[PDB]
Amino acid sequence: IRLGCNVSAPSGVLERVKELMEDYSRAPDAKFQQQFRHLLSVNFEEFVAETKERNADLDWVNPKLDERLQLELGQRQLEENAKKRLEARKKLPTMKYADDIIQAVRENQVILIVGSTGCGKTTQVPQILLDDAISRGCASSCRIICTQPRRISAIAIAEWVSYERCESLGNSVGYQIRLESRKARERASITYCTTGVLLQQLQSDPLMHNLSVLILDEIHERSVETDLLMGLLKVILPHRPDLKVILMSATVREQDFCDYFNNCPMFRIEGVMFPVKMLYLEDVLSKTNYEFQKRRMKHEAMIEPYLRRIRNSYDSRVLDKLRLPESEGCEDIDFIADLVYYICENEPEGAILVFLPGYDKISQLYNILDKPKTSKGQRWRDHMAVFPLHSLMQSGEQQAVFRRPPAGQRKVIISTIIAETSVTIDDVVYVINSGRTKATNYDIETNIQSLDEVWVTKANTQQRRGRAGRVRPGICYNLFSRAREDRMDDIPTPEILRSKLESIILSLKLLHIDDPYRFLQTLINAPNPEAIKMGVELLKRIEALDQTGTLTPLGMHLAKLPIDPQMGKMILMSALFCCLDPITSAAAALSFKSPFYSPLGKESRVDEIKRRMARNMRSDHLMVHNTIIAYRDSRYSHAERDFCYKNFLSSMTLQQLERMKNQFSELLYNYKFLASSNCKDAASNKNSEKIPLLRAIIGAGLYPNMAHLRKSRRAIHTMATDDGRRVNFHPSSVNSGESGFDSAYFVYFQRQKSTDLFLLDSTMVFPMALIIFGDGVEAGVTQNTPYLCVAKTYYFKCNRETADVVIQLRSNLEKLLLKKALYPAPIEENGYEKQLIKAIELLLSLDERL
């Protein structure tokens, strides 16, 4: 027990908080209290019972619009422009099986279509059953949902199949993604949507009565959502015989899904392309004849049994060179430089997509490609058009990366794994695949997750292979030996095994599945129950579950919000404490991403501007809200895309960040926590310029994540989390390297690792804020000097009667919080509950340092 700074408050100010809390304690309608107790009362069978008669709308169909529409395409499938595709999309592999697949679903509730890309499973399999449904006179019975892993896919596929039916978007074809939609007609419709839309909709339709048939696409990539989804239909389908499911997969361990539903009918469907042929690096340096210069027992246990088998098909110095390991992978960047320098002379016109693990090495091969020191490269410098591709760089949102190059120019793209699925570039005939990328890896023991460079898996090299295909024959240069391919895993660790489960075990209670261990162990891969429990314990600590593990009324509010519970709780507190707009900003950035790019060479000069937008508040999260305020003031000032370029920000990210804030705003007003659904509305923001208060609500979200700084000196810091480990601020964070902070304590959303240990994001907090909103407060005395602690961890001194008033104020803040969850209502500014709020504002305001 070593003690810190002094939080005591003047006695004149405590006499005033004491009068407001005696005021609050003389206080003497709820549908929500009912719907909560209604849900704890009910078991799973009446749960299934009651929800049946609620969503009946697909029990009803409309004979005449059935009749009208089946004559309406039935007549004009012979007047001509449509049926140029009725002929032209039997081009694509899937429509050989149109009737084969129709019959299959008629006799099967769940089927599996395996196909590789270009077959058109998702383009058409939906329209085969709608045009079938319409043709038999079933039109209004039929409403089909087709789920996709990413947003842009859902839009593009919808907008493209829309246009194939000579309909504008919004008639028989639609898409719905979060906070953006073109909804199709309610019946005889095709709706594409992200996997997460349909899980949120499960809360109001747990047994999926509002769709006739569901199609789950790209399950082979094992997103959490699709794994969850087929997990919940083993519960859902028993009670819905007439619901039809169509699984859709690439051929990537296709038969896991076939085995997970009984042994399911499976449709294998043709690929479309020419080849893109594999060369491994024993083929690459057969042709490049490069050499290098500026663990080993296994490399050598791996390589030589296999060079003893390829002995005659290559020269002795090429098989000699599988034995330096830095041959394979990214270990030499001048090697890959000389391969792109190499493909430019030989091989016909075409694009080079180069896959490297991460952003550091996309820079170094960028620098080598545009600033070659070798006279062989200085030739090519200006006859290559070089694009960095990364989540954090601008080139992914412009149209240039997808373009054809200037005549006489050859386009080279140096990309992370983003180019495998997320981003698609159609003119690539050449892919160079390092085989190395980066992956989150966590150690449940240490509470460290680190970001480590890893080998890819077979499943990925085969899809980067495909990327070199779609326009004419490509070739795929993989920089590892074939001996290395046989040792990689089939597919990457499915994400549910590496995910925080806080949000899912909680949301699962709305579907009335209250044993996580029972249910989550029924998925294709069962999460480790120590993750399941480490999730249960975090929701018991923010008190979304009581200590029996049962949903509390605050938990039921947070399960409904589309954000992690920690941050859902932070949104709710910001409604009660009247800073709605700042805090939703923080919340929105943490569950999504920061608006800031970091283009190459501007690392130096994207960190000035993050600092100028922090306004010396040394809060990563309010720095984003400052940026957001700046972004609409550019939309009123109409300084528009000027503004977004000066400051290196994503037009598209801010569009979404601002749309989520109104989503949070709109649900809290629906939930009767706010009087206005406008998140900038005055009544919701009257504390929004009080910075000490905003860090208290920020700490109220990220608690218990805390760090302390003992160092003065840019500067170097000596810092520790509550975990005991020594930490520093990530360099991308704004609190990296400064000095003279007004508080020695910080809260953080995520701590992750390369070279040290880092906090990716932080806000300086004052000790008093943590006392009020945290836990682990006891009063006592250390030597003989009086103390008040937080988390039983950071012990600060305290006066005794500041102690009792905060302790009694935490007791009143807790019971107010519990009633506010049970009986949602906005706090009116003149009521009794508001004088408990004023009491906290006044205590927190003492930390404005003037």
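Residues carry their position along the shown sequence, with the first being 1. We call the rigid core the largest set of C-alpha positions that still match within 1.5 Å between the two forms.
*Asks:* Do the Cα atoms of 602-610 or of 442-450 sit farther, on average, from the shown structure in 8 other deposited structures of this protein when the rigid core is superposed?
*Replies:* Looking at 442-450 and 602-610 in 8 other deposited structures of this protein, the bigger mover is 442-450.
*Asks:* Consider 634-642 and 456-464 separately and indicate which one has Cα atoms farther, on average, from the shown form in 8 other deposited structures of this protein after rigid core alignment.
*Replies:* Per-stretch check in 8 other deposited structures of this protein: the more divergent one is 634-642.
*Asks:* For at least a third of the other PDB entries compared, is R295 missing from the model even though its neighbours are present?
*Replies:* Counting only entries that model residues on both sides, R295 is unresolved in at least a third of them.
*Asks:* Are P28 and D29 truly consecutive in the deposited sequence, or are residues between them missing coordinates? Give the number as none, 1 to 3, 4 to 9, or 10 or more.
*Replies:* Per the record, 10 or more deposited residues are absent between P28 and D29.
*Asks:* According to the PDB entry, how many deposited residues between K294 and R295 are absent from the model (none, 1 to 3, 4 to 9, 10 or more)?
*Replies:* 10 or more residues are missing.
*Asks:* With reference to the PDB entry, specify whether the mean Cα temperature factor is higher for 559-567 or for 249-257.
*Replies:* In the deposited entry, the stretch with the higher C-alpha B-factor mean is 249-257.
*Asks:* Got a sec? Mean C-alpha B-factor, which is higher, 796-804 or 39-47?
*Replies:* The entry gives the higher C-alpha B-factor average to 796-804.
*Asks:* Tell me which of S189, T552, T755, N687 tops the list for C-alpha B factor in the record.
*Replies:* Each of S189, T552, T755, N687 was compared by C-alpha B-factor; the highest is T755.
*Asks:* Say you rank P494, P241, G377, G474 by Cα B-factor from the PDB entry; which sits at the top?
*Replies:* Of the candidates given, the C-alpha B-factor peaks at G377.
*Asks:* By the recorded C-alpha temperature factor, relative to the other modelled residues in its chain, which third is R482 in?
*Replies:* Answer is middle: the recorded C-alpha B-factor places it there.
*Asks:* Looking at the entry's B-factor column for C-alpha atoms only, identify whether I716 ranks in the lowest, middle or highest third of its chain.
*Replies:* Answer is highest: the recorded C-alpha B-factor places it there.
*Asks:* Lowest, middle or highest third: where is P692 by Cα B-factor in its chain?
*Replies:* For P692, the deposited C-alpha B-factor lands in the middle third.
*Asks:* What third of the chain does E159 rank in for C-alpha temperature factor, lowest, middle or highest?
*Replies:* For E159, the deposited C-alpha B-factor lands in the lowest third.
*Asks:* Select lowest, middle or highest to describe the third in which the CA B-factor of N678 falls within its chain in this entry.
*Replies:* For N678, whose C-alpha B-factor we compare with every modelled residue in the chain, the answer is the lowest third.
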